Amino acid sequence: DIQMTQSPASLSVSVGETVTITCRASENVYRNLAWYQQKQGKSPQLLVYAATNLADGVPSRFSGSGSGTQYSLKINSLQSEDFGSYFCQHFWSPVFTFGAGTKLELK
Amino acid sequence: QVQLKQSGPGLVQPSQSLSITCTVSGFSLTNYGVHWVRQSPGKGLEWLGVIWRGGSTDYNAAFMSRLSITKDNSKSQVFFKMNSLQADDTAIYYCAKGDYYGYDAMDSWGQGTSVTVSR
Amino acid sequence: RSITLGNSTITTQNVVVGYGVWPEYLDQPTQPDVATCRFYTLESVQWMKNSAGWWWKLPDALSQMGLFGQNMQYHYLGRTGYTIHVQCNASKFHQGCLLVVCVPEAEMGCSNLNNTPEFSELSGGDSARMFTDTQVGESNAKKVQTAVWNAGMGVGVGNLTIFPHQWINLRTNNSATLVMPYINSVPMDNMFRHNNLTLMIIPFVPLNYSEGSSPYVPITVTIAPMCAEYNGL
Amino acid sequence: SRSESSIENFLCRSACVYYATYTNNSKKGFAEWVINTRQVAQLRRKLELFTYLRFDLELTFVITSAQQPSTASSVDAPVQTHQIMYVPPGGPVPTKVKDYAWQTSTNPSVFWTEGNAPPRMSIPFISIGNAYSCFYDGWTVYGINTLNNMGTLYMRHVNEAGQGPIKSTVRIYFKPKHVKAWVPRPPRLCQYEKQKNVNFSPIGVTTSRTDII
Amino acid sequence: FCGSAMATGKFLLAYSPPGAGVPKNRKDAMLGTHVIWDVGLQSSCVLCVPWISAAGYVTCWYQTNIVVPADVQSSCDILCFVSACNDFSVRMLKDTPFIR
Amino acid sequence: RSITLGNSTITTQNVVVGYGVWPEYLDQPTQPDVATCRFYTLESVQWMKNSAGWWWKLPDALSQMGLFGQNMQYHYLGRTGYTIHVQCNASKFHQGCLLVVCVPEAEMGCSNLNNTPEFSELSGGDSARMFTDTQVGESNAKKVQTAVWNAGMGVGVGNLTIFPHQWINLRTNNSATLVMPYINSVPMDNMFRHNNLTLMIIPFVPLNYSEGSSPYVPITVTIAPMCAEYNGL
């Protein structure tokens, strides 16, 4: 199957900077990548699907880009609710594998 | 609009079977497929299996003989079964619908039923 | 303006008709006209920013539509024409362009190279199936290859204007009406194993707006069977 | 020049569609070809511009033979003879070389000895519906349409072998006549993967350039 | 429709006949007698029903959302009038109950 | 002989018609005639030796009869005529006599003197209720006084020949046909709260046979609505 290597393992940024999280695939997935955001103690929420499209209630601060085997997610300006867990997950072929995960401390 | 929710045992003895039932509302099972994702704090998120909107299912390779997922279109219910339940399954379990605008991504997730397998 | 049929009424203000022919008529057949010639309005779909397309298989979308869904489950064969009204309503502050075609005999290609697509993934009864803009993976159960730049049929998507079509350009135009006759080889075919038309909507120039406008434009499809008849006693 | 772009000057050509081999002694040598249009990829792209066709058919077989390596002792042979059986849609089908289905009455076949002109035969428009269909969105298994079934051909030697094994080839030539075409279609972009269906892998629209200007 | 001039949308106007139920869904409300009322084209729709002495419902349904440009309010209002189309036929006068 | 209506066919060989009038026609009403004018044959009852009588309330006996039972549950009011064919077939070795009347507005009397008879004991939908030849007791729940010599309506049973009737005498006659127009005060009445006809069959001279003949003679009732219409849109 296809393994997703997500980097970095965690971050420590403040309110009001840019931040980039990339995750790399084992082979080509043809832009079939979804990004999830999870807060503490809840089910995850979908953020970006198919590597460019934003979800329904998600504001335009988030932005995803990439093609081939390297993809990335960018938040231009943080807010007071964008801390938690983030994952990337492909839906090319079973078995679908999730990313490792990252955290935002917001120190 | 109201969405899917689930209900399970909470605790189970080892080398037994496991049974959770996820029941949806607001949509029908003939248009969306439902997934099964296991959130374990030791291993992260893991994908178990799915039943597509046509009825044919597809499981993970490491849990082939243990999983059996089924649904019924009239009752708006799914049924999934896991057996033999070793000690590495102490995690929380989610059902979530797929095919968010035909893109095979998880749209909305259930509230989740945490399970623990020890005595 | 405000044309009525049966017990229903929609309103209009340009009509493109088929391949040059108006739909007309031909054991002995029976001709029902009193309870079926009415405007079945499908429930509307939303055109968002990063949307890709929709398709409806046409004598399948009216299969659970009440009385017409009882003439289909009582009668084996049948031949119909159709009359489609598509109208999306945006302001003067939105922009975009749709392509509204009506493909006869749109045989679609599966994602897996060896199999054929199954029944539920081709035709959603009274519910739109959607194109995507990425490729669909192959090792699944059974699905349709719905990359929009090949239109699902292995053909270039710009070449789809050979079928009877109409552009919806939100700068000038607003609505599109089509009239489609009976295009089939046998004079009367089974309606449970043959979808002889396929209405596709493909947004070429995608939607755009400034911050503050409504972030979705709805699309209303209204189908009405004309010159329908069955063979039965 | 507008007469060359007509339908009749676009499709009334010949094409080697099948090439089969069969010996006489090997007890499993006889040819078989299900008549279809989706055999050769160059003729298929021309017949797929339209959805409904209606044509006669004129077949011509160029049959030749070649002497296989025999044992010894001065093989001398008379002139061979071949039998080309045509099974209409809904008929019996041979499974061996010596079977009943060759000796039947309602399957027309030609007999042809070597050294003459090749054996032409012509099939009229044989179907139940009013036209053939290159595409069929529906079920009969998805997208098969058993209504445009034109038949099958079978070939064999009719001389028993005395002292020499002989194998033969056959090239079937295919030529539509008096073609009518309805409801045209856009030409196929991607490659052909499988023979039965319309499956494909997506490729891009056009070859690319370095900039727009 | 007493709303803006830049806001469009659609409305169903289903009249359920006496004997049938109230529709609990948009889809079977479509299958009755109904008038699909576009807002952006015309600003007043007329629906004529009989009235006698279940007995009928004149329910109305959202077909699409209200599409609106920037810097226009989205919360619009709707008035409804009532009249008498043909001639009524009354008999046997009595006194009204809207009194002490 | 062998008259047909819709998709049904019965056969005959004398017709007594109503009060001298043939049944004819008159918001605006709708007139259905294509799917309802057919012969609804009720399931037959058996005339034994010590039998007493039968009655059917007429626009109630067709309430679960398929498509006519869907025109009744969709439409409030309605006015119909009727055409009844009763035919019993015995040999030349049986003997007896029936009286076949059709009573308009047959209000029946309860067994208990203070109450009124309830709904199920008056009208059996597509099933015959039966007279008795004894008195019915009074301290029960609710029942009809079905002594046959008072015909259930408090009137002498010999005087029932003033209604449009026909005798069935097994010596000479075999069958009886009636035609009944619309007899009501208001021009269109509710069909769920009013049974405007009542078909009664009373054997005056009871059946008899010798030992060896078939000990029962069946009676077939065949009803067919003519000139029916409703008020609706």
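First chain written, first letter: the chains are A, B, C, D, E and F, and each begins at residue 1.
Keep this in mind: a contact is a pair of C-beta atoms (placed from the backbone, for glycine too) under 8 Å apart; a residue touches a chain by one contact, two chains touch by 3 or more.
Chain labels with UniProt names: D = Genome polyprotein.
> Central chain, going by Cα centroids?
Chain nearest the overall C-alpha centroid, as shown: C.
> More contacting C-beta pairs: B-C or C-D?
By the number of C-beta pairs in contact, the winner is C-D.
> Using each chain's Cα centroid, which is most distant from the centroid of chain A?
That would be chain F.
> Report the inter-chain centroid distance for chain C and chain E in whole angstrom, where each centroid is the mean of the CA atoms.
30
> Centroid of chain A to centroid of chain B, CA atoms only: how many Å?
Between these chains, centre-to-centre, one finds 23 Å.
> Could you please state the distance in Å, as a whole number, between where the Cα atoms of chain B are centred and where those of chain F are centred?
Centres of chain B and chain F (C-alpha means) sit 62 Å apart.
> Averaging over Cα atoms per chain, report the distance between chain E and chain F in Å.
Inter-chain centre distance comes to 46 Å.
> Touching two or more other chains, which residues of chain E qualify?
33 - these are the residues of chain E that touch more than one other chain.
> If you look at chain C, which of its residues touch at least two other chains?
7, 118, 132, 134-135, 140 - these are the residues of chain C that touch more than one other chain.
> What parts of chain B, by residue number, touch at least two of the other chains?
Only 58, 101, 103-104 qualify.
> Show me, using the given definition of touch, all chain pairs that touch one another.
The complete list of chain pairs in contact reads A-B, A-C, B-C, C-D, C-E, E-F.
> Inside the complex, what are the residues of chain C that reach chain A?
50, 132-135, 137-140
> Enumerate the contact residues on chain A facing chain B in the complex.
These residues of chain A touch chain B: 1, 32, 34, 36, 43-44, 46, 49-50, 87, 89, 91, 94-101.
> If you look only at chain B, which of its residues touch chain C in the complex?
Touching chain C from chain B are residues 30-31, 52-58, 101-104.
> Where on chain A does chain C make contact in their complex?
30-32, 50, 52-54, 91-94
> So in the complex, the part of chain D (Genome polyprotein) that touches chain C is made up of which residues?
Result: residues 51-52, 128-133, 135-143, 147, 183-190, 193-194, 197-205 of chain D (Genome polyprotein) touch chain C.
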